[PDB]
């Protein structure tokens, strides 16, 4: 293995030879440990509170999930405890027959995914435009510097030679250029999967990339119309740790559809950075803090460019195999068989594959499957064998499906069908309200002015206006936050990193206008394009469901908060100062 990772280690060794040592009391058991060097401690056990959001959500000061979220350990200590739990494990190798089905399926799936599209290289200008639009920190400074691009070019020349010298994953500009240069080279070779929407619903049938949270529920409702069994949504315990060498070799098959110059660069990314990796991990010691240099041949690097698309791909493949087992196409004898006949797998893929893909909604490790009947619940031999062991359930207990698409969990959410006063139906995203309020009350990082804090608060309030307007508490808090923040202040910083976020709330444009555009105008499931002229016509969940999903409506503390919210708004305003404010409270029935 040192023939592939050695050059990278040699450069880390030399760059930090002042503090380089082999700590013989390191915790790594499955990962290969190379050495350590001293560093300053990064992250805290707590997180900065958004005072604007906190001031306008007083009843949630006494809510356990809200308090819990105000913590989250990002220190070298917290990073080490989470590591040994899942990261430091080995997945048993799938059986020869299972490996054969996976290979047949992967081949078929890559050819289906590339039927209309062709792989291509992504560019310096695409990555530059991306780093610009996302920042508008030290990434934009590197992108604007020609010396960064000269180093990228040097690293690329090693890749074309089949060598790597600076592509290191993490769990000032010297190493920062080597990291951002590694991410650019990965984007150049594999970015087309994201950039050209290989996992969009139209291209992949199962995929949902580029659809958006507001479309996921409509997608789940459409799957529920397909005849078959219950809807299954099993979670895998630590998906990224369960990605085997066999999975990596099946994902690699996309290189076969590439142009020679592209194939050469993607093959270098796969073989030198996915199938062989050098990882930097922060660890505390009695002498201080160190950065450990570790390596392994399998698992997925969680923050990489290809990660989402490749997990979506491998999950679609795994779910097709489980459907095949559910249908009796694959038996126990077949999975053990090193000479299993391809014919029946190919036959099933060629005649039923696409129809079977349409029964699923897959986003990385998140899946929803509506098989042709419920034999799927007990079809576990292949799923467990492939290494995709389901979370918090005995390996062999049958899965439990849902007979109502509204009860189905997907991408940290569930979805409700709402009937508007005008009789039109909406399908909306929802989740427990404490998770929503608890996140909104946290400001990412430290050293933030009341200005930046108020704008992030406005960002969260406008996100709730567009996605979670059907929650009474969130509509009230959203109107209170927007009443307290000056009108012309542009929401800055993101509310979420979700690939399902289109950030339509990052504007000073009227939120009812934006709501109309998302839910009425551009909504393919909204046949009647009549606009909603008032927030009073934007529906709420029924009171009961609002309560079942964490609402405080009906509580005295909540009625006291609602009645006295203009006072709290006025307090934030007096602290912000002499700015122009709009009172958004009259857009509500209450005021």
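Residue numbers count along the first chain shown, from 1. Heads up, when I say rigid core I mean the largest set of C-alphas that superpose within 1.5 Å between the two forms.
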Completion exercise
Between 156 to 164 and 173 to 181, the one drifting more in C-alpha RMS in 7 other deposited structures of this protein once the core is aligned is 173 to 181
Practice task
Could you tell me which of the two stretches, 452 to 460 or 138 to 146, has its Cα atoms lying farther from the shown structure in 7 other deposited structures of this protein after fitting on the rigid core?
Solution key: 138 to 146
Problem - Missing residues, deposited sequence, between residue 171 and residue 172 (class: none, 1 to 3, 4 to 9, 10 or more) - result: 10 or more
Practice task
Look at the stretch from residue 490 to residue 491 and count the residues of the deposited sequence that the entry does not model, then pick none, 1 to 3, 4 to 9, or 10 or more.
Solution key: none
Problem - Greater mean Cα temperature factor according to the PDB record, 327 to 335 or 68 to 76 - result: 68 to 76
Practice task
Averaging only over Cα atoms, indicate whether 457 to 465 or 180 to 188 has the higher B-factor in the PDB entry.
Solution key: 180 to 188
Problem - Among 535, 28, 525, 548 - the residue whose C-alpha B-factor is largest in the record - result: 28
Problem - Per the PDB entry, maximal CA B factor within 143, 430, 379, 369 - result: 143
Fill in the blank from the handout: Among the modelled residues of its chain, the C-alpha B-factor of residue 219 falls in the third labelled lowest
Practice task
Please rank the C-alpha B-factors of the chain's modelled residues and tell me whether residue 529 sits in the lowest, middle or highest third.
Solution key: lowest
Handout entry: residue 358 by Cα B-factor - lowest, middle or highest third of the modelled chain
Key = lowest
Exercise for the section: Place residue 98 in the lowest, middle or highest third of its chain's C-alpha B-factors, as listed in the PDB entry. Expected result: lowest
Problem - Lowest, middle or highest third - CA B-factor, residue 445 - result: highest
